[PDB]
Amino acid sequence: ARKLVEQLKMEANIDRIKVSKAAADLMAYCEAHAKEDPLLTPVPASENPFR
Amino acid sequence: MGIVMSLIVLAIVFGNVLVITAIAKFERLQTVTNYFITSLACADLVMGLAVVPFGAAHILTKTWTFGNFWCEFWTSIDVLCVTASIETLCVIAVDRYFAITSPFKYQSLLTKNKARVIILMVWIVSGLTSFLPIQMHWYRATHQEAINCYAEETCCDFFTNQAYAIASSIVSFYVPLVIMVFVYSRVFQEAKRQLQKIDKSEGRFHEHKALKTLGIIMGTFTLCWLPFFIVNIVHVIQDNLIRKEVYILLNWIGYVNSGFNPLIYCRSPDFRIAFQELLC
Amino acid sequence: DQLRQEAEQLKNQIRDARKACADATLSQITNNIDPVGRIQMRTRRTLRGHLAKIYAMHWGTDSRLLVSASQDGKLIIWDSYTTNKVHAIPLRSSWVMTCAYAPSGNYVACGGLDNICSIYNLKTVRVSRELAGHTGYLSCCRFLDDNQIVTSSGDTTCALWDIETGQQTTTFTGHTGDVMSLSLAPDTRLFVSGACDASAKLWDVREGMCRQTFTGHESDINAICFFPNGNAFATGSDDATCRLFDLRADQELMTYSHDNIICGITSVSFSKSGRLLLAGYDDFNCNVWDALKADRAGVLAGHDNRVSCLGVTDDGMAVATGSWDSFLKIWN
Amino acid sequence: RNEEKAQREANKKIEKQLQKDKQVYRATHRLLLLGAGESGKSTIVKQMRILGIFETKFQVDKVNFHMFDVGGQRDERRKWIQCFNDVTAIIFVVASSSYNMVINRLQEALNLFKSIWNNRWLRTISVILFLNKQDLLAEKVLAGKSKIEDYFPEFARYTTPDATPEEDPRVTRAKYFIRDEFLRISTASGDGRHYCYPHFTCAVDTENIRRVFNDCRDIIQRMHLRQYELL
Ligand SMILES: Nc1nc2c(ncn2[C@@H]2O[C@H](COP(=O)(O)OP(=O)(O)OP(=O)(O)O)[C@@H](O)[C@H]2O)c(=O)[nH]1
Ligand SMILES: CN[C@@H]1CCc2c(ccc(O)c2O)[C@H]1O
């Protein structure tokens, strides 16, 4: 009954930031942590444990 | 005829090699039934790679350019391959009979260990009738032409007595024929019964396939290997009745059957996908 | 009644606010980034011993051991380095659909059509506790801690359990369809869930109240993965699409789909850096996407049946897949 | 050093146990019992057996059968049915005397059967059909206030089809019309992989287990015949 209306009212009033800032933050994190991805950058076979 | 013989050799080798490599490479084709298929393919490949070229060279040059030992080895390999290429078909027929007639107990009865024993026994029986009585001189004939051929080291035909000719034929061809006939008759009866049941149950809303399949399977083998195994006894029972050219022609017609086994026993859609995956 | 008409307004307000906040799309911002390029991986290990198809697996916290479940009623704990088994736990019921590996490496849990979540003690292998209370089949379970676990079942509810006493602590309600998957945040302070009503929700583990709702999809959701940054997640549904939602922006960002695929999606996972998104499909193979470009970078073929499980090690050294062909493969 | 040997010994023991259990797993046959409410599903189980899950195991002629009854989950949506794509057969139980009662039960059963038949994951699974309550139907037909034509208009232009009574023509006509109602849905949808099977059962019946045995044998035989391109 009124539970759905109350929940919609509760979730309506929240702080929302611009999508551009979120995209920039995601890109910055991906670029910063891009040097420690063995799948993305194939590590030498000397340190490869599965091979 | 050299071009025709080379084409025959290429056709024999290519199909068997492709079947063997397709079975070995993939993991979804490793079934208990496929072990018999790969055994048959190995036998056919050994035949087409060992006995056909030397026979072609002998029939072309009309003079054996090797020693007596190599001729005896060639004859033994021929007999071994011919004997081992038919008992595998008999085993396949028996396996299908067991699979269809008794569906509940099939899974227990053939287990992979049980199969590697059957194949080894078949190969041992095949080798026990080819190498043993040929490396020893038990099969040697008695007429003067036979001794003249045996003494000579530049030519060697096939001369045999009555006992070996009857026994080898019985072991190789005649025994594995009645079993296959009975098996396929029972399978046809079961298929007809199932078709009648389906038609009686749900015929108001909705036997060529079984006839076609069994006809192809039985007819190719019978037409390929039947006349030779009759003239084999005929030329021994009655003297001066079968010419050497006719004997060689019938024997070479028998050889061609080894190149048709992939075309008959490897029509499954899984084999089609496997053949399309590689070399395509 | 009057209220139902009244309710729609709030939806219009939320849609207008989300449309207003959308300054620019992710594709426009991420256009000068150099592409990753073609990525090729080859099978390194193969694990055999399961008599039936595999639903679930979970990597260990040490990226060395892993657990797996099958429909023959047996859990096996493999050693990926030496490709030899360690344990083989029989099950009372042969229908299991999930499994989990505790962060402390001491317990392994599983469940299925029977509405019971069993917990096993590896370092004592006997049943330790049995949690009951769900009225539907379980779908997932993740060890929040060595003493408490959270589960999601087919009765449109998710619950938090207490292993010591075997009693429910918090119950999460609000979904309409059957909940199929969940994933925890790195700090274990929030978790998401995807039901069959094409809607994913954000839950608060402490308060026990739904915070946000996302309804971008149009079919049932089958898998959910959480971005390493802790402010995004990706979902996969039956319409051969993947979507990258956001929390702070409170809207989706990008969709991953192609016109040559008409199958479903069974599992979704990320990478250590988050650059690559891995998703399993019903085409008997897996795909690798680019998170910031939505451009395919490779395909992982080699499975003879549909892929139902997918996971990446904590240190990101290798990825493991499971299929209905009763085979587990390791891709480096 | 010795740790590798210990792990090898443990792996050997586990592999031996798995090899031992493989034969037992392969020997048994699995069945699924699916039906609607008020059909009489609980009765069939007991009679045959005496001879949110419930597993019943019965053995016939040294063959193992293992039947499941998933009654815990009661909902129109069935997301769990993808798990039963490797069973030998599906047993469908429906009350054949339910046509006159609203929440129509027979139409709901027909719709459920149609949904089951056309499922993507159940494209190669046969169905054994049990038409339950074969004497309530006869009692209702013989001097009954309600008529099948009122609820089923197609009954006005139906003929008795090879029919073997045992009976009055009316009950035989009703039984065969109800059976053909299910048979029609089955014939149209699929070519070969699966075939529906009908039966007539009641409370006083002890041959149901033999019927299941024969139907499973026929299913396996037909599968093997079709695999080798003979049917
Ligand atoms: N005369 C007669 N009565 C039956 C027959 N089968 C079932 N019944 C009656 O109908 C009822 C069927 O209910 P149960 O079999 O106990 O359970 P159920 O209603 O089948 O369970 P669901 O159908 O799954 O809801 C029983 O109370 C029986 O007395 C039958 O063959 N003949
Ligand atoms: C020269 N070729 C041989 C001669 C006789 C013979 C063959 C095959 C099987 C037998 O049992 C035989 O007796 C032929 O392949």
# chains A, B, ... in the order shown; residues from 1 in each chain; ligands from 1

call {"tool": "residues_near_ligand", "arguments": {"ligand": "ligand 2", "cutoff": "10 Å", "atoms": "only C-alpha atoms and all ligand atoms", "output": "tab-separated table (two decimals) with N, CA, C and O atoms, in the first residue's frame"}}
result
chain	number	residue	atom	x	y	z
B	51	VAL	N	50.93	-52.74	-47.87
B	51	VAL	CA	50.73	-53.83	-48.82
B	51	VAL	C	50.35	-53.33	-50.21
B	51	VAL	O	50.76	-53.93	-51.21
B	55	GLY	N	52.45	-54.27	-53.80
B	55	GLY	CA	51.68	-55.03	-54.76
B	55	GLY	C	51.55	-54.32	-56.09
B	55	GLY	O	51.64	-54.94	-57.16
B	74	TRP	N	55.85	-59.47	-46.64
B	74	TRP	CA	54.75	-58.79	-47.31
B	74	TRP	C	53.49	-59.64	-47.31
B	74	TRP	O	52.39	-59.14	-47.03
B	75	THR	N	53.62	-60.94	-47.62
B	75	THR	CA	52.46	-61.82	-47.60
B	75	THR	C	51.87	-61.93	-46.20
B	75	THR	O	50.64	-61.90	-46.03
B	76	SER	N	52.72	-62.04	-45.18
B	76	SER	CA	52.23	-62.13	-43.81
B	76	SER	C	51.49	-60.86	-43.41
B	76	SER	O	50.44	-60.93	-42.77
B	77	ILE	N	52.03	-59.69	-43.77
B	77	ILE	CA	51.37	-58.43	-43.46
B	77	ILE	C	50.02	-58.35	-44.16
B	77	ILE	O	49.03	-57.89	-43.58
B	78	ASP	N	49.97	-58.78	-45.43
B	78	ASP	CA	48.71	-58.79	-46.16
B	78	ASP	C	47.66	-59.63	-45.44
B	78	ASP	O	46.53	-59.17	-45.21
B	79	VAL	N	48.02	-60.86	-45.08
B	79	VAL	CA	47.05	-61.74	-44.42
B	79	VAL	C	46.63	-61.17	-43.07
B	79	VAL	O	45.45	-61.20	-42.71
B	80	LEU	N	47.59	-60.63	-42.31
B	80	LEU	CA	47.27	-60.08	-41.00
B	80	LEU	C	46.30	-58.91	-41.11
B	80	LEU	O	45.31	-58.85	-40.37
B	81	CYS	N	46.55	-57.99	-42.04
B	81	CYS	CA	45.67	-56.83	-42.19
B	81	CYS	C	44.29	-57.26	-42.67
B	81	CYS	O	43.27	-56.76	-42.17
B	82	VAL	N	44.22	-58.18	-43.63
B	82	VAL	CA	42.92	-58.63	-44.13
B	82	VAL	C	42.12	-59.27	-43.01
B	82	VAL	O	40.93	-59.01	-42.85
B	83	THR	N	42.77	-60.13	-42.21
B	83	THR	CA	42.06	-60.79	-41.12
B	83	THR	C	41.62	-59.80	-40.05
B	83	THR	O	40.50	-59.90	-39.52
B	84	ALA	N	42.46	-58.82	-39.73
B	84	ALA	CA	42.14	-57.87	-38.67
B	84	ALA	C	41.16	-56.79	-39.11
B	84	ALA	O	40.63	-56.08	-38.24
B	126	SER	N	44.18	-62.36	-35.02
B	126	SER	CA	44.54	-62.03	-36.39
B	126	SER	C	46.00	-62.35	-36.68
B	126	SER	O	46.32	-62.90	-37.74
B	129	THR	N	47.12	-66.31	-37.11
B	129	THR	CA	46.82	-67.05	-38.32
B	129	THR	C	47.59	-66.57	-39.54
B	129	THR	O	47.54	-67.22	-40.58
B	130	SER	N	48.29	-65.44	-39.44
B	130	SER	CA	49.06	-64.90	-40.56
B	130	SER	C	50.56	-65.18	-40.41
B	130	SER	O	51.16	-65.82	-41.28
B	157	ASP	N	54.93	-65.93	-56.23
B	157	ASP	CA	53.48	-65.88	-56.28
B	157	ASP	C	52.92	-66.46	-54.98
B	157	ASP	O	53.66	-66.71	-54.02
B	158	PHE	N	51.61	-66.68	-54.94
B	158	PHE	CA	50.95	-67.25	-53.77
B	158	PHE	C	50.47	-68.65	-54.12
B	158	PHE	O	49.52	-68.81	-54.90
B	159	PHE	N	51.12	-69.66	-53.55
B	159	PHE	CA	50.73	-71.06	-53.70
B	159	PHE	C	50.50	-71.64	-52.31
B	159	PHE	O	51.37	-71.53	-51.44
B	160	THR	N	49.34	-72.27	-52.11
B	160	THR	CA	48.99	-72.83	-50.82
B	160	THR	C	48.26	-74.15	-51.01
B	160	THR	O	47.69	-74.42	-52.07
B	164	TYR	N	45.43	-75.05	-45.35
B	164	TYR	CA	45.59	-73.64	-45.01
B	164	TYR	C	44.56	-72.78	-45.72
B	164	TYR	O	44.00	-71.85	-45.13
B	165	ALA	N	44.29	-73.07	-47.00
B	165	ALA	CA	43.33	-72.27	-47.75
B	165	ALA	C	41.94	-72.34	-47.13
B	165	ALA	O	41.24	-71.33	-47.05
B	166	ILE	N	41.52	-73.53	-46.69
B	166	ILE	CA	40.22	-73.66	-46.05
B	166	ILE	C	40.22	-72.99	-44.68
B	166	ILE	O	39.30	-72.23	-44.34
B	167	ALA	N	41.25	-73.24	-43.87
B	167	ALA	CA	41.25	-72.78	-42.49
B	167	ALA	C	41.33	-71.26	-42.41
B	167	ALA	O	40.60	-70.63	-41.63
B	168	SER	N	42.22	-70.64	-43.20
B	168	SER	CA	42.35	-69.19	-43.16
B	168	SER	C	41.08	-68.51	-43.64
B	168	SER	O	40.65	-67.51	-43.06
B	169	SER	N	40.46	-69.04	-44.69
B	169	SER	CA	39.20	-68.48	-45.17
B	169	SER	C	38.11	-68.57	-44.11
B	169	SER	O	37.38	-67.60	-43.87
B	170	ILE	N	38.00	-69.73	-43.45
B	170	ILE	CA	36.98	-69.89	-42.42
B	170	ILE	C	37.22	-68.93	-41.26
B	170	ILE	O	36.29	-68.31	-40.75
B	171	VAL	N	38.48	-68.78	-40.85
B	171	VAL	CA	38.79	-67.91	-39.72
B	171	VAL	C	38.55	-66.45	-40.07
B	171	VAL	O	38.06	-65.67	-39.25
B	172	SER	N	38.86	-66.06	-41.31
B	172	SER	CA	38.85	-64.65	-41.68
B	172	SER	C	37.47	-64.15	-42.10
B	172	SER	O	37.05	-63.07	-41.66
B	173	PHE	N	36.76	-64.89	-42.94
B	173	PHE	CA	35.56	-64.36	-43.56
B	173	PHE	C	34.29	-65.09	-43.17
B	173	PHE	O	33.32	-64.45	-42.74
B	174	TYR	N	34.25	-66.42	-43.31
B	174	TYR	CA	32.98	-67.13	-43.20
B	174	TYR	C	32.43	-67.09	-41.78
B	174	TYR	O	31.22	-66.93	-41.58
B	225	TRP	N	34.00	-58.37	-50.44
B	225	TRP	CA	34.82	-59.48	-49.97
B	225	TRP	C	34.25	-60.86	-50.25
B	225	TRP	O	34.87	-61.85	-49.87
B	228	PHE	N	36.00	-63.19	-53.74
B	228	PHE	CA	37.38	-63.64	-53.52
B	228	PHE	C	37.43	-64.83	-52.59
B	228	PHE	O	38.18	-65.79	-52.82
B	229	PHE	N	36.63	-64.81	-51.52
B	229	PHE	CA	36.64	-65.89	-50.56
B	229	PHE	C	35.84	-67.10	-51.02
B	229	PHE	O	35.76	-68.09	-50.29
B	232	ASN	N	38.80	-68.51	-53.59
B	232	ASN	CA	39.90	-69.02	-52.79
B	232	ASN	C	39.77	-70.52	-52.56
B	232	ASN	O	40.76	-71.26	-52.65
B	233	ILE	N	38.56	-70.99	-52.26
B	233	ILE	CA	38.33	-72.42	-52.13
B	233	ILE	C	38.18	-73.08	-53.49
B	233	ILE	O	38.57	-74.24	-53.68
B	247	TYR	N	42.22	-64.10	-60.17
B	247	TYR	CA	42.52	-64.13	-58.75
B	247	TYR	C	43.06	-62.79	-58.28
B	247	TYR	O	42.61	-62.24	-57.26
B	248	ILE	N	44.02	-62.23	-59.02
B	248	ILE	CA	44.61	-60.95	-58.64
B	248	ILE	C	43.57	-59.84	-58.72
B	248	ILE	O	43.52	-58.96	-57.85
B	250	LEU	N	40.25	-60.07	-58.35
B	250	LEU	CA	39.33	-60.18	-57.23
B	250	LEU	C	39.99	-59.75	-55.92
B	250	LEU	O	39.37	-59.06	-55.10
B	251	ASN	N	41.25	-60.15	-55.72
B	251	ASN	CA	41.96	-59.74	-54.51
B	251	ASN	C	42.09	-58.22	-54.44
B	251	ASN	O	41.92	-57.63	-53.37
B	252	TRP	N	42.37	-57.57	-55.57
B	252	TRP	CA	42.51	-56.12	-55.57
B	252	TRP	C	41.17	-55.42	-55.40
B	252	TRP	O	41.11	-54.33	-54.84
B	254	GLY	N	38.98	-56.66	-53.44
B	254	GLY	CA	38.87	-56.75	-51.99
B	254	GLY	C	39.60	-55.64	-51.25
B	254	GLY	O	39.16	-55.20	-50.19
B	255	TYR	N	40.72	-55.17	-51.81
B	255	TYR	CA	41.51	-54.14	-51.14
B	255	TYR	C	40.75	-52.82	-51.04
B	255	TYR	O	40.90	-52.08	-50.06

call {"tool": "residues_around", "arguments": {"residues": "residue 174 (chain D)", "least_positions_apart": "3", "cutoff": "9 Å", "atoms": "only C-alpha atoms", "output": "ChimeraX atom specification"}}
result
/D:137-138,141,148,155,160,169-171,177-179

call {"tool": "interface_residues", "arguments": {"of": "chain D", "to": "chain B", "cutoff": "7 Å", "atoms": "only C-alpha atoms", "output": "list in words"}}
result
residues 187, 217, 220, 221, 224, 225, 230 and 231 of chain D

call {"tool": "write_last_selection", "arguments": {"atoms": "N, CA, C and O atoms", "output": "PDB file, in the first residue's frame"}}
result
ATOM      1  N   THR D 187       2.095 -33.915 -30.679  1.00  0.00           N
ATOM      2  CA  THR D 187       2.511 -34.269 -32.034  1.00  0.00           C
ATOM      3  C   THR D 187       3.090 -33.096 -32.799  1.00  0.00           C
ATOM      4  O   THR D 187       4.085 -33.242 -33.497  1.00  0.00           O
ATOM      5  N   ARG D 217      12.106 -48.414 -20.579  1.00  0.00           N
ATOM      6  CA  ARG D 217      12.796 -49.299 -21.511  1.00  0.00           C
ATOM      7  C   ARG D 217      12.553 -48.872 -22.954  1.00  0.00           C
ATOM      8  O   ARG D 217      13.488 -48.830 -23.765  1.00  0.00           O
ATOM      9  N   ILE D 220      14.600 -45.642 -23.763  1.00  0.00           N
ATOM     10  CA  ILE D 220      16.023 -45.880 -23.996  1.00  0.00           C
ATOM     11  C   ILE D 220      16.238 -46.605 -25.321  1.00  0.00           C
ATOM     12  O   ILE D 220      17.167 -46.285 -26.078  1.00  0.00           O
ATOM     13  N   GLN D 221      15.386 -47.588 -25.628  1.00  0.00           N
ATOM     14  CA  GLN D 221      15.522 -48.316 -26.886  1.00  0.00           C
ATOM     15  C   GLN D 221      15.329 -47.395 -28.085  1.00  0.00           C
ATOM     16  O   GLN D 221      16.077 -47.477 -29.065  1.00  0.00           O
ATOM     17  N   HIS D 224      18.421 -45.157 -28.515  1.00  0.00           N
ATOM     18  CA  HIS D 224      19.535 -45.871 -29.131  1.00  0.00           C
ATOM     19  C   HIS D 224      19.275 -46.141 -30.608  1.00  0.00           C
ATOM     20  O   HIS D 224      20.191 -46.043 -31.433  1.00  0.00           O
ATOM     21  N   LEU D 225      18.035 -46.489 -30.962  1.00  0.00           N
ATOM     22  CA  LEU D 225      17.708 -46.736 -32.363  1.00  0.00           C
ATOM     23  C   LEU D 225      17.872 -45.477 -33.203  1.00  0.00           C
ATOM     24  O   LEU D 225      18.406 -45.530 -34.316  1.00  0.00           O
ATOM     25  N   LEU D 230      18.524 -45.576 -37.439  1.00  0.00           N
ATOM     26  CA  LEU D 230      17.700 -46.725 -37.780  1.00  0.00           C
ATOM     27  C   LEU D 230      16.210 -46.484 -37.598  1.00  0.00           C
ATOM     28  O   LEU D 230      15.414 -47.361 -37.953  1.00  0.00           O
ATOM     29  N   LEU D 231      15.809 -45.338 -37.060  1.00  0.00           N
ATOM     30  CA  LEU D 231      14.399 -45.051 -36.829  1.00  0.00           C
ATOM     31  C   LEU D 231      14.053 -43.631 -37.262  1.00  0.00           C
ATOM     32  O   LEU D 231      12.933 -43.350 -37.689  1.00  0.00           O
TER      33      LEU D 231
END

call {"tool": "residues_around", "arguments": {"residues": "region 5-12 of chain A", "least_positions_apart": "2", "cutoff": "9 Å", "atoms": "only C-alpha atoms", "output": "list in words"}}
result
residues 1, 2, 3 and 14 of chain A; 3, 4, 6, 7, 10, 11, 13, 14, 210, 211, 212 and 213 of chain C

call {"tool": "write_last_selection", "arguments": {"atoms": "C-alpha atoms", "output": "mmCIF file, in the first residue's frame"}}
result
data_model
loop_
_atom_site.group_PDB
_atom_site.id
_atom_site.type_symbol
_atom_site.label_atom_id
_atom_site.label_comp_id
_atom_site.auth_asym_id
_atom_site.auth_seq_id
_atom_site.Cartn_x
_atom_site.Cartn_y
_atom_site.Cartn_z
ATOM 1 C CA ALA A 1 0.000 0.000 0.000
ATOM 2 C CA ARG A 2 1.800 3.086 1.308
ATOM 3 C CA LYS A 3 5.082 1.186 1.745
ATOM 4 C CA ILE A 14 19.708 11.820 -2.226
ATOM 5 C CA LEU C 3 -2.051 6.593 -4.226
ATOM 6 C CA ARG C 4 -1.044 4.471 -7.212
ATOM 7 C CA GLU C 6 0.249 9.431 -6.818
ATOM 8 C CA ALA C 7 3.155 7.008 -6.864
ATOM 9 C CA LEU C 10 7.814 10.352 -7.849
ATOM 10 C CA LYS C 11 8.973 8.119 -10.712
ATOM 11 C CA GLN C 13 10.630 13.243 -10.726
ATOM 12 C CA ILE C 14 13.396 10.639 -10.417
ATOM 13 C CA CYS C 210 17.295 -0.555 0.403
ATOM 14 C CA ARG C 211 19.116 2.606 -0.690
ATOM 15 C CA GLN C 212 18.814 2.765 -4.495
ATOM 16 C CA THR C 213 17.203 0.927 -7.402
#

call {"tool": "residues_around", "arguments": {"residues": "residue 188 (chain C)", "least_positions_apart": "4", "cutoff": "8 Å", "atoms": "only C-alpha atoms", "output": "compact mmCIF listing (two decimals) with C-alpha atoms, in the first residue's frame"}}
result
# COMPACT_ATOMS: atom_id res chain seq x y z
CA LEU C 144 30.77 -11.87 5.02
CA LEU C 184 29.77 -7.75 -1.60
CA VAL C 205 24.19 -4.48 5.63

call {"tool": "residues_around", "arguments": {"residues": "residue 15 (chain A)", "least_positions_apart": "5", "cutoff": "10 Å", "atoms": "only C-alpha atoms", "output": "ChimeraX atom specification"}}
result
/C:248-250

call {"tool": "select_by_dssp", "arguments": {"residues": "region 13-141 of chain D", "states": "helix (DSSP H, G or I)", "output": "ChimeraX atom specification"}}
result
/D:13-27,41-50,81-84,105-117,136-141

call {"tool": "decode", "arguments": {"residues": "region 3-40 of chain B", "atoms": "C-alpha atoms", "output": "PDB file, in the first residue's frame"}}
result
ATOM      1  CA  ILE B   3      47.592 -42.989 -61.890  1.00  0.00           C
ATOM      2  CA  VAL B   4      44.583 -45.060 -60.801  1.00  0.00           C
ATOM      3  CA  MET B   5      46.657 -47.031 -58.289  1.00  0.00           C
ATOM      4  CA  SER B   6      48.212 -43.844 -56.890  1.00  0.00           C
ATOM      5  CA  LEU B   7      44.749 -42.304 -56.522  1.00  0.00           C
ATOM      6  CA  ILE B   8      43.554 -45.444 -54.722  1.00  0.00           C
ATOM      7  CA  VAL B   9      46.510 -45.269 -52.324  1.00  0.00           C
ATOM      8  CA  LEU B  10      45.925 -41.566 -51.654  1.00  0.00           C
ATOM      9  CA  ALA B  11      42.208 -42.107 -51.020  1.00  0.00           C
ATOM     10  CA  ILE B  12      42.934 -44.991 -48.642  1.00  0.00           C
ATOM     11  CA  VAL B  13      45.548 -43.060 -46.657  1.00  0.00           C
ATOM     12  CA  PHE B  14      43.786 -39.683 -46.464  1.00  0.00           C
ATOM     13  CA  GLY B  15      40.458 -40.780 -44.998  1.00  0.00           C
ATOM     14  CA  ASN B  16      41.944 -43.097 -42.382  1.00  0.00           C
ATOM     15  CA  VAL B  17      44.529 -40.509 -41.312  1.00  0.00           C
ATOM     16  CA  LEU B  18      41.837 -37.835 -41.008  1.00  0.00           C
ATOM     17  CA  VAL B  19      39.569 -40.132 -38.983  1.00  0.00           C
ATOM     18  CA  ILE B  20      42.378 -41.137 -36.610  1.00  0.00           C
ATOM     19  CA  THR B  21      43.545 -37.568 -36.029  1.00  0.00           C
ATOM     20  CA  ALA B  22      39.981 -36.296 -35.538  1.00  0.00           C
ATOM     21  CA  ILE B  23      39.261 -39.017 -32.974  1.00  0.00           C
ATOM     22  CA  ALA B  24      42.540 -38.461 -31.121  1.00  0.00           C
ATOM     23  CA  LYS B  25      42.577 -34.650 -31.142  1.00  0.00           C
ATOM     24  CA  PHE B  26      39.165 -34.018 -29.562  1.00  0.00           C
ATOM     25  CA  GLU B  27      37.686 -35.199 -26.270  1.00  0.00           C
ATOM     26  CA  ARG B  28      33.968 -35.466 -27.097  1.00  0.00           C
ATOM     27  CA  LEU B  29      34.660 -38.328 -29.541  1.00  0.00           C
ATOM     28  CA  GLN B  30      36.380 -40.542 -26.928  1.00  0.00           C
ATOM     29  CA  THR B  31      33.592 -43.105 -26.623  1.00  0.00           C
ATOM     30  CA  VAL B  32      33.809 -46.846 -25.995  1.00  0.00           C
ATOM     31  CA  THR B  33      32.354 -47.389 -29.474  1.00  0.00           C
ATOM     32  CA  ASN B  34      35.040 -45.233 -31.105  1.00  0.00           C
ATOM     33  CA  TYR B  35      37.837 -47.554 -29.941  1.00  0.00           C
ATOM     34  CA  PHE B  36      36.668 -50.173 -32.438  1.00  0.00           C
ATOM     35  CA  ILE B  37      36.478 -47.462 -35.108  1.00  0.00           C
ATOM     36  CA  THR B  38      40.042 -46.306 -34.466  1.00  0.00           C
ATOM     37  CA  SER B  39      41.274 -49.917 -34.420  1.00  0.00           C
ATOM     38  CA  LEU B  40      39.666 -50.464 -37.828  1.00  0.00           C
TER      39      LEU B  40
END
